[PDB]
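For reference, the chain that follows is the form deposited in one PDB entry, supplied as structure tokens.
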């Protein structure tokens, strides 16, 4: 495909920028443990995937030690390719219609009171995987009546009826991440658009859902553009936002253009609070699902409302 080869050129050029030294404030909070090994056995036992593993998240030992983990539904092959993401690009296997039950069963086994779920893009499917995402939320809630669900979705190309199907499943939080700013958006997430992704949040808000998004900093954006994007998110109706640092998965991935200082993240968090977000969490290794249940509770109690 012409698009894959277009990206190959960019990735080969990415690799001309040598891997960056990480600043000293970027460090791993934990080591392997019984809880990690047990969670990993379960995930493999149930033929599931986690984004924690597939996207190479550095918090995996910290989160899993706390029995917090985020499922990746739809397989481990994505039909899209974003220049920060190390999840495999490929042709997905057949739709596993039994996956929603197994996620739900795993949540029960884990005894989770809040479950976080994301997945890959499924452009191979007629409905782009809308049924899969909805059914996973439904399956979790059926098996786990008092468990909150946070669902981090692709955009389903912004198609209203695909979106409506997902929204109808009624997650406690609907997340969809704009990730970066309009000037460089195409260079980072070419299969999406800034405005389409904002429109997904607005659609979720209009459907009565609490909404969440994320920004990945260090991709070329300025802090002024970050402040504009936070305003855009808020105005679009986004309730909860995470503000985070890009880690480069490999030489073939986008270079790290800057390391945002911990004090700068504090300032971004304050700015977002000031704009009226119900929930804000900022920091270099903050991630969309990171401590999400605790963030949800905080949002659920805020004057802001959500």
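So that the term is clear: the rigid core is the largest set of C-alpha atoms that superpose within 1.5 Å between two forms. Numbering follows the first chain given and starts at 1.
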- Averaging only over Cα atoms, indicate whether 161-169 or 104-112 has the higher B-factor in the PDB entry. 104-112
- Note on the structure: Assert higher mean C-alpha B factor (296-304 or 4-12, deposited values) equals 296-304
- Could you tell me which one of 121, 140, 151, 207 shows the highest CA temperature factor in the PDB record? 207
- Task: Select one of 30, 243, 57, 240: the residue whose C-alpha shows the highest B-factor in the crystal structure entry.
- Result: 30
- Item | Chain-relative CA temperature factor third for residue 192 | middle
- Task: Tell me, lowest, middle or highest third: where does the Cα B factor of residue 222 rank within its chain?
- Result: highest
- Message: By the recorded C-alpha temperature factor, relative to the other modelled residues in its chain, which third is residue 23 in?
- Response: middle
- Using the B-factors in the PDB entry, rank residue 35's C-alpha atom against the chain and give the third, lowest, middle or highest. highest
- Lowest, middle or highest third of the chain for the C-alpha temperature factor of residue 259? middle
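What follows is about the form deposited in another entry, which we do not show.
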- Query: Can you tell which of 61, 265, 259, 271 moves its Cα by 2 Å or more between the shown form and the other one, with the two forms laid on the rigid core?
  - Reply: 61
- Cα of residue 52 displaced 2 Å or more between the shown form and the other one, core superposed? yes
- Message: Aligning on the core only, does the CA of residue 39 end up 2 angstroms or more away between the shown form and the other one?
- Response: yes
- Task: Mind checking the CA-CA distance of residue 80 and residue 50 in the other entry? It differs by 3 Å or more from this form, so is it closer or farther?
- Result: farther
- Closer or farther in the other entry, the Cα atoms of residue 49 and residue 110, when the shift from this form is 3 Å or more: closer
